[PDB]
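So this first bit is one chain, no partners, the form deposited in one PDB entry, shown in structure tokens.
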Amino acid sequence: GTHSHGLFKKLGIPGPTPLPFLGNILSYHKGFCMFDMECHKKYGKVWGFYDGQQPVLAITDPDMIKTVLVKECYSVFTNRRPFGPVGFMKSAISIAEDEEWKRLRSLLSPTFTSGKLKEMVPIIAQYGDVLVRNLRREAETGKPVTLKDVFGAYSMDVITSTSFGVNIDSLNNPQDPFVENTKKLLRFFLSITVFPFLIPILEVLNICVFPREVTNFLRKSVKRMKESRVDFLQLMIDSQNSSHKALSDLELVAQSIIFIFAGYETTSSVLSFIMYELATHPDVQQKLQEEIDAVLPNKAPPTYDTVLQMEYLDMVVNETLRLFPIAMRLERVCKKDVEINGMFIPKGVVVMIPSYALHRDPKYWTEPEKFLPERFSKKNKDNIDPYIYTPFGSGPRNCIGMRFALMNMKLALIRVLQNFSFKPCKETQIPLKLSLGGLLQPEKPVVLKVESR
């Protein structure tokens, strides 16, 4: 089981010696992030390891990262590593490959523009009101608040409503049909990465890592609203009634599902990360709350243009994403033999960009382990390399919902800080530790005290 296990030794590329069949997966016992920082420290700018028999080439040179993510995206590095068994979710944009992804990116792009986001803000604002009343409830109880529930309820509230046009107080309504389905769906893989040779077997088995009932539920659910108002689902329906063939009925369901996966636990974790940093830095929480009340006096409701007016809110969000890039890694499959910036890359290799390691690299960040929003001040922001700081990826296949995610979090933070201050309690994990999973998340959930202003 050492096929390809001599690839990096042949290329002269350093890296940890793999074991037969397993590759270097045993080193993942301390997590992706610790493994990336160690390899970066041990082997320098480039190194290779094996997910089972799959060679993975890590790169850290920003010139080389730009070549992979931007310049050679369409011709060489178009796709992420295969993920399955997907079934009909093969039509999702994040799973699609080559021309099929290229077409999906074109049809969905006008839906994620600045203009469309401003027309969705009044919807996001309503769920912000739900977040505040769900928070002040647990605030009544002096007993501390585990944020992942009230924030996860908010994160799922917005993302499924926008993606499917429904309305739910998901916390106070565990009964709505569009809730229980989305709940078991968002509960989420191993040997599919270590042993990806089984995926074709798993596919023909009719196996779907997505539950079979939820997918059949959402399909008939979207067909319900065909018989008919500014949401992801609605903006995609308008794209059908328009070059590329329009989004099919099944493709449309695939995109709405993939938006919930890319948006639920991602937003919920960053919101818990942000509030942990604001609780352990009262001055930053004070300076932020003072900015919100200046832009929005008398607890004025937030709007699209006022959110972009809050520079310190943008600095706090960006600095949290540097410390906690929940994707941890960016990956591209080398579709054909190429040489970039004076280095040969063999066809089939997975090229990985260790975002977590690069975000905490002392060579680019003074005291990289400290939460310091002034790194993103208008003075100091010009020194940050866009290919070192990559919380939303980069190039033509970056996070297409990036603008929305930032708006959605900022809108939640404004509505929460306008009403509450946040302090740590005796059970808050200080220092916070990271869980060893496929998304960067706090090891133990963030528990904080929530006082009412």
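Here, rigid core means the biggest group of C-alpha atoms that superpose within 1.5 Å across both forms. All residue numbers are counted from 1 along the displayed sequence. Residues that one form lacks are left out of the comparison.
Another form, the form deposited in another entry, is not on view; read the next lines as being about it.
When the two forms are overlaid on the rigid core, CA displacement between the shown form and the other one of 2 Å or more is confined, within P144, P85, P346, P368, to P85. Relative to the superposed rigid core, the position of the CA of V284 differs between the shown form and the other one by less than 2 Å.
Annotation for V194: C-alpha shift of 2 angstroms or more between the shown form and the other one, rigid core superposed.
For residues common to both forms, superposing the rigid core between the shown form and the other one reveals consecutive runs of 3 or more with all Cα shifts of 2 angstroms or more at 83-86, 189-195, 437-439.
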